[PDB]
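# A look at the structure
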Amino acid sequence: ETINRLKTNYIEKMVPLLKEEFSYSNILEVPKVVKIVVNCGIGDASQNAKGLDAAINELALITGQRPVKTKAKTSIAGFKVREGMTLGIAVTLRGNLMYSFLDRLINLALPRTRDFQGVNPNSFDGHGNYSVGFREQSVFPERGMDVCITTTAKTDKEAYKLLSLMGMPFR
RNA sequence: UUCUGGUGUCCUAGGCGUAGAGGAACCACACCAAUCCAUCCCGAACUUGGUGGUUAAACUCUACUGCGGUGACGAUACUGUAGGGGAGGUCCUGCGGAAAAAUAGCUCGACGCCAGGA
Ligand SMILES: [Mg+2]
Ligand SMILES: [Mg+2]
């Protein structure tokens, strides 16, 4: 019912709770979410403009922020592309948007996925960061995407402990 | 004369890593706000204006020779010069010069200026 749940629930309840878990000598050693990078790659984006200009608006309503036409780092003929042409669709979420986006993730989009049985807890990279893959975006109440969550954690255990508190149903 | 910060020159370039110290002041980060300004998206960075929590990260100081960097003397190779062998490939001698490599060893910088503090 409150305005910002995660921002208030984190600073008040989680930081005293997560500090007691690992017994950090300082409060600043606690991890926290830095950003959420939402990628959406389309190889055939160079062909059409309607499918490009439309999908850019689809993600914007999901995030409340414009995507960015991500360009190629180098040309290659195996996938018939050229340098400087747009291939990916990306955006950066920081501050309150990443929390508001996470509220729309665990409670709106992630439950509505067909045949849902929890997300893989082995998706951590080994340095506290976490990633998610989608096939559809209509689960958001308004094609796939690679949501990349960043965190200041060194190991994955405190991250798994961190993410699990803010929902994130793991099998 | 020392401590902190700022700013340099010299230099064998003085770093990585490990183990400690620092918060009064100083430096830094963290927290909040956003139309002077900014984002091929995002107040992260950049810019204003605020709260002072923390030395966690950075940075500063103290130590070492584990990596790294540095590095001989001596000897030998090579070589100038005057000569001499061998069918040739190439080799030897006298006078003079003289390494690289490796090892020992050295190395966790040296010296200034301004402000503040003692
Ligand atoms: Mg010698
Ligand atoms: Mg040598």
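Residues numbered from 1 in each chain as written, not as in the entry; some residues may be left out. Chains lettered and ligands numbered in written order. Part of a larger assembly, values for the part shown. Heavy atoms only, no water.

Structure determination for this PDB entry was carried out by cryo-EM, with a resolution of 3 Å recorded in the header.

Identification of chain A as 50S ribosomal protein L5, chloroplastic from Spinacia oleracea is taken from the PDB entry. Annotation of chain A in UniProt includes, under Subcellular location, the sentence "Plastid, Chloroplast". (UniProt positions renumbered as here; feature names shortened; annotations may be inferred.)

In the vicinity of RNA strand B, 14 residues are found, and the nearest of them are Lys7, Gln65, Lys69, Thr92 and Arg94. Among the atoms of RNA strand B lying within 4 Å of the protein, the sugar-phosphate backbone contributes 43%. Contact distances for RNA strand B include 2.5 Å between a phosphate oxygen and a side-chain N or O atom of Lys7. At a separation of 3.0 Å, a base nitrogen of RNA strand B approaches a polar side-chain atom of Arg94. At four residues, strand 2 (residues 68-71) tops the list of elements feeding residues into the surface near RNA strand B. Looking at the surface near RNA strand B residue by residue, the class counts come to three nonpolar, four polar and seven charged. (Near = heavy atom within 4 Å. Polar contact = N/O pair within 3.5 Å; in protein donor to acceptor, adjacent residues only side chain to side chain. Helix = DSSP H or I, 4+ residues; strand = E, 2+ residues; numbered from the N terminus. Nonpolar A, V, L, I, M, F, W, Y, C, P; charged D, E, K, R; others polar.)

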